Amino acid sequence: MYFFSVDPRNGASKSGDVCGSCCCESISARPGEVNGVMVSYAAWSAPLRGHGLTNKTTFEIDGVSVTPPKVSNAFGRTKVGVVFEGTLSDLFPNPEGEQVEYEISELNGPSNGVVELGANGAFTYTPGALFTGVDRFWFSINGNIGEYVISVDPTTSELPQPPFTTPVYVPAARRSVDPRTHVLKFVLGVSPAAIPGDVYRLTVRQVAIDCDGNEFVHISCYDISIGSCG
Amino acid sequence: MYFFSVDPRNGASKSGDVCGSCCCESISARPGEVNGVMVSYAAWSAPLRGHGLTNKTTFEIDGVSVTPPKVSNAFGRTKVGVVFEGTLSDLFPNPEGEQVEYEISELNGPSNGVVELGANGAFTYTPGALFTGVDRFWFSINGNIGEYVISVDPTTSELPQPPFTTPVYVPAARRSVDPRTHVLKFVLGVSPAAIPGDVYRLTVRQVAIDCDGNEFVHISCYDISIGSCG
Amino acid sequence: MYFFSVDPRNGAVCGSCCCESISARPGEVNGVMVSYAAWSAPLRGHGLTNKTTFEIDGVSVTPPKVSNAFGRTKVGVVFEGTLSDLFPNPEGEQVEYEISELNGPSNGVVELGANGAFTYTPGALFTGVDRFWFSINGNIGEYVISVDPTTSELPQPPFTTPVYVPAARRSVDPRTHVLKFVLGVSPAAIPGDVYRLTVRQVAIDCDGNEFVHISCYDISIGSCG
Amino acid sequence: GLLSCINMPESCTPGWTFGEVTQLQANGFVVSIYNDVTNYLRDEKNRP
Numbered sequence: 001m002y003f004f005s006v007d008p009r010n011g012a013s014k015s016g017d018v019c020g021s022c023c024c025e026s027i028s029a030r031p032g033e034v035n036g037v038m039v040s041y042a043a044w045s046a047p048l049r050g051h052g053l054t055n056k057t058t059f060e061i062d063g064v065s066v067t068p069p070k071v072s073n074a075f076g077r078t079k080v081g082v083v084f085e086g087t088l089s090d091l092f093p094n095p096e097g098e099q100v101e102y103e104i105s106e107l108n109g110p111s112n113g114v115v116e117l118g119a120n121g122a123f124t125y126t127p128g129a130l131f132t133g134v135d136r137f138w139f140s141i142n143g144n145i146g147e148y149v150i151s152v153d154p155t156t157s158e159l160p161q162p163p164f165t166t167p168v169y170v171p172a173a174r175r176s177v178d179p180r181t182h183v184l185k186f187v188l189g190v191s192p193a194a195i196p197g198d199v200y201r202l203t204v205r206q207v208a209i210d211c212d213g214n215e216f217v218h219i220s221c222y223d224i225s226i227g228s229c230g
Numbered sequence: 001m002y003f004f005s006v007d008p009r010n011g012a013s014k015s016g017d018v019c020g021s022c023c024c025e026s027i028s029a030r031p032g033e034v035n036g037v038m039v040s041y042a043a044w045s046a047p048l049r050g051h052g053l054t055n056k057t058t059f060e061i062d063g064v065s066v067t068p069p070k071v072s073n074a075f076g077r078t079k080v081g082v083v084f085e086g087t088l089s090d091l092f093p094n095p096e097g098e099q100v101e102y103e104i105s106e107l108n109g110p111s112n113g114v115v116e117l118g119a120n121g122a123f124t125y126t127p128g129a130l131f132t133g134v135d136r137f138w139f140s141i142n143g144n145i146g147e148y149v150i151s152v153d154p155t156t157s158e159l160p161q162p163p164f165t166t167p168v169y170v171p172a173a174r175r176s177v178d179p180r181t182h183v184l185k186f187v188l189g190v191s192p193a194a195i196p197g198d199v200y201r202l203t204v205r206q207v208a209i210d211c212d213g214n215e216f217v218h219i220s221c222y223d224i225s226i227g228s229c230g
Numbered sequence: 001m002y003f004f005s006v007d008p009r010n011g012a018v019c020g021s022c023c024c025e026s027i028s029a030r031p032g033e034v035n036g037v038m039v040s041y042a043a044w045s046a047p048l049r050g051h052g053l054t055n056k057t058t059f060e061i062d063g064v065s066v067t068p069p070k071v072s073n074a075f076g077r078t079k080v081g082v083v084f085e086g087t088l089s090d091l092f093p094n095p096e097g098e099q100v101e102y103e104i105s106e107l108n109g110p111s112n113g114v115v116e117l118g119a120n121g122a123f124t125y126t127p128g129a130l131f132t133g134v135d136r137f138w139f140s141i142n143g144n145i146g147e148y149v150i151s152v153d154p155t156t157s158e159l160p161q162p163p164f165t166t167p168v169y170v171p172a173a174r175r176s177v178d179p180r181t182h183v184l185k186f187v188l189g190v191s192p193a194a195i196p197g198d199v200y201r202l203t204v205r206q207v208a209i210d211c212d213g214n215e216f217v218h219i220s221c222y223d224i225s226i227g228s229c230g
Numbered sequence: 316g317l318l319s320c321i322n323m324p325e326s327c328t329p330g331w332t333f334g335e336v337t338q339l340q341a342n343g344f345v346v347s363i364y365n366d367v368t369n370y371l372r373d374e375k376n377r378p
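Chains as they are written, first to last, in PDB author numbering: chain 3, 1 to 230; chain G, 1 to 230; chain F, 1 to 12, 18 to 230; chain p, 316 to 347, 363 to 378.
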């Protein structure tokens, strides 16, 4: 749980002690982790006598070092109860021609089914009985990690299609604000497909409120550095 | 007993990151030992005010230095009450048969039977009367150690298959998590067939829970060093 | 009484490889206590169990000069035997024999003749096994006699090894995690020899599972204390 | 550090040219002698 304090916007300076001004603060993350972040606006919203924070936080994720993925994630469809089959060879365009040591990490296995990796880039996904929804599982083609997402109808019509979760994401509805202590809490999810060394940026726009219901905006950054060993 | 304190995933680091870290904690093991490990998530899950951990831990054993074994393993079968006979010479593919000394170390002998070694790579296993299950014993051909399993059916048809225990393993169900003190306990068993000097890597993925039922994932690693006399 | 403490397995006397040290004099029968308190107390459970396993290996043996011999006499009847065909006396040497009174018979009396002859009169109304230890020109060996209860016979016991641990004299104290056992040294053990004893003790948790632990001690057969 | 027992035949074209020399040195190897380093170039995660 990262804990950050906001700059009070008091014409008070900061970030200068040591060379390389990186004002937007840093956050270390590991591929696969799911952490929690708390930011204390009490330094900025307490002098502004009013009704504290509101649930109007908005986020943006933009990467300054993406390191394009060697492989590409894939999608599939099947009905309920029926076994699903798939291949894992057309998802790795290789430049120089080498072997293919396929692997399914059991740390990142399926959630409502079982997977049988075949002899050569083939896999059998048997969904659990009496289950309909979406499922994901993360393969490692020659170390390069990708995901395969299976949709499982209740064998009647069809399903929509999920948005192929990004390397760095923020959950849709897991944010909270405590107006009694001026703290905003949210979750930071790191995909297992994130490549070590990459650097992303999260911009947070959070608004307070006065005694009459007007608005007072605040904007900040955080540089998420996806590294190994957390 | 090993006791490890997990990283907090908050700002600064811990445990000799002074000049970086081997990135995995260390676990010294001796072939044959079965020890216990406790990991304390109090540093990471306590600031996450919620319901502590859950019983959804998952493990992974990966060898970074294996030194593949010389003597292969074998599997036997017999009915209940009837004595079993077996050979011990075709399991040692060698460049010379110099002085092959078939030896059954008593420390890891049978469990519900008795074995009489022959003069030249033969052995007679008399299973215990009124007993049906799986029974193993560890032989040592010219220093090189292997195992022989003679699982016994009650003369109905057969037991399907034992899984041929690996050099290092974690038992199926002997783990527990105490949500009151944020401690996970699990046992670590290393077979007597592990070679001194080998290095394996065990990765642990443990998930906590917030007050409303969501998830916070955490991942750690540990390097198991198999050293004789330790 | 030897008293050792086990390492609690945290990666926290290596000597040569790991194993500890135990001096021993030929003929003695001593006692050893090893405290698993350091290793089994953090694993809060039901203490140890009575499932220890011992194994003896010799890393320095000095193969014996003299040899042993058996015997299957009957009850009450006198027994006669020789002691000349035991020592191969390779280089011409006096065959002077001797029966040490410290390690004489247990339920009889021997009569060492002039040239390796001996007459064993077993104790009246006695049926079982007996041993004694002779010293043919400094080198020590044993002679075992089985007195049979005149019905048919009596089985053959195993010639005792130089260093041994008695069959059933081990114990475990689960309230203090202490293992007690006995170390027996044959009078035929040659000084300077070095043997290795390995132990595999199993502790138990509150649910009935097992926790293994393995250790060694190097027994050095030394003369003069 | 000059190797005594070598007696290599002299020439004009040495071997690894300056660029290659830098490559070897920085990367590692102990191109001759000079630069008696041990090829490390990295660490657990951070290179320097």
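For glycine and all other residues, C-beta sits at the position ideal for the given N, C-alpha and C.
Other residues of its chain near residue i: CB distance less than 8 Å, five sequence neighbours each side excluded
i: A29 (chain G); result: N35, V168, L188, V190, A194, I224, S225, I226, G227, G230
i: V170 (chain 3); result: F59, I61, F186, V187, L188, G189, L202
i: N144 (chain G); result: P69, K70, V71, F92
Close Cβ partners of residue i (< 6 Å) along its chain, the five nearest in sequence each way excluded
i: residue 244 (chain G); result: The requested residue 244 (chain G) does not occur in the structure, where chain G is confined to residues 1 to 230.
i: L184 (chain F); result: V39, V177
i: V6 (chain 3); result: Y41, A43, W44
i: residue 13 (chain F); result: Any question about the placement of residue 13 (chain F) has no answer from these coordinates, since chain F jumps from 12 to 18.
i: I219 (chain 3); result: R205
i: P127 (chain G); result: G113, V152
Same chain only: Cβ atoms within 7 Å of residue i, ignoring 5 sequence neighbours per side
i: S21 (chain 3); result: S15
i: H182 (chain G); result: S40, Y41, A42, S45, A46, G52, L53
i: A129 (chain F); result: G81
i: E215 (chain 3); result: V207, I209
i: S65 (chain 3); result: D198, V199
Top-ranked residue by Cα proximity to residue i, from the options
i: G197 (chain G); options: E158 (chain G), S89 (chain G), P179 (chain G), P68 (chain G); result: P68 (chain G)
i: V37 (chain 3); options: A43 (chain 3), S26 (chain 3), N10 (chain 3), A46 (chain 3); result: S26 (chain 3)
i: residue 240 (chain G); options: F131 (chain G), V100 (chain G), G121 (chain G); result: Limits of chain G in this structure are 1 at one end and 230 at the other, which puts residue 240 (chain G) out of reach.
i: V204 (chain G); options: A46 (chain G), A43 (chain G), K56 (chain G); result: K56 (chain G)
i: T156 (chain G); options: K79 (chain G), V183 (chain G), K70 (chain G); result: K79 (chain G)
i: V71 (chain F); options: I141 (chain F), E215 (chain F), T181 (chain F); result: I141 (chain F)
i: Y200 (chain F); options: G81 (chain F), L117 (chain F), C221 (chain F); result: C221 (chain F)
i: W138 (chain G); options: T165 (chain G), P179 (chain G), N94 (chain G); result: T165 (chain G)
i: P31 (chain G); options: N108 (chain G), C19 (chain G), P127 (chain G), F3 (chain G); result: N108 (chain G)
i: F4 (chain F); options: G11 (chain F), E96 (chain F), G63 (chain F), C24 (chain F); result: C24 (chain F)
i: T368 (chain p); options: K375 (chain p), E374 (chain p), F344 (chain p); result: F344 (chain p)
Contact set between residue i and chain G, taken where Cβ atoms lie within less than 7 Å
i: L107 (chain 3); result: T58, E60, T203, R205
i: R174 (chain 3); result: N214
Any C-beta of chain p under 8 Å from that of residue i
i: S191 (chain G); result: no
i: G133 (chain G); result: no
i: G20 (chain G); result: yes
9 Å Cβ cut-off: residues of chain p touching residue i
i: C23 (chain G); result: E374, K375
Chain G contact for residue i (CB, 8 Å cutoff)
i: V114 (chain 3); result: no
8 Å Cβ cut-off: residues of chain G touching residue i
i: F216 (chain F); result: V34, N35, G36, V187
Chain F contact for residue i (CB, 8 Å cutoff)
i: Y102 (chain G); result: no
Where residue i meets chain F, residues with beta-carbon distance less than 8 Å
i: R30 (chain G); result: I219
Neighbour list for residue i in chain G, Cβ cutoff strictly below 9 Å
i: residue 233 (chain 3); result: The question about residue 233 (chain 3) has no answer here: the residues shown for chain 3 are numbered 1 through 230.
Proximal residues of chain p, C-beta to C-beta of residue i below 8 Å
i: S228 (chain 3); result: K375
Proximal chain F residues relative to residue i, where beta-carbon distance stays under 9 Å
i: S26 (chain G); result: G11
Subject >> Selection of the segment 48 to 78 of chain 3 by Cβ proximity to chain G, strictly under 9 Å >> reply: none
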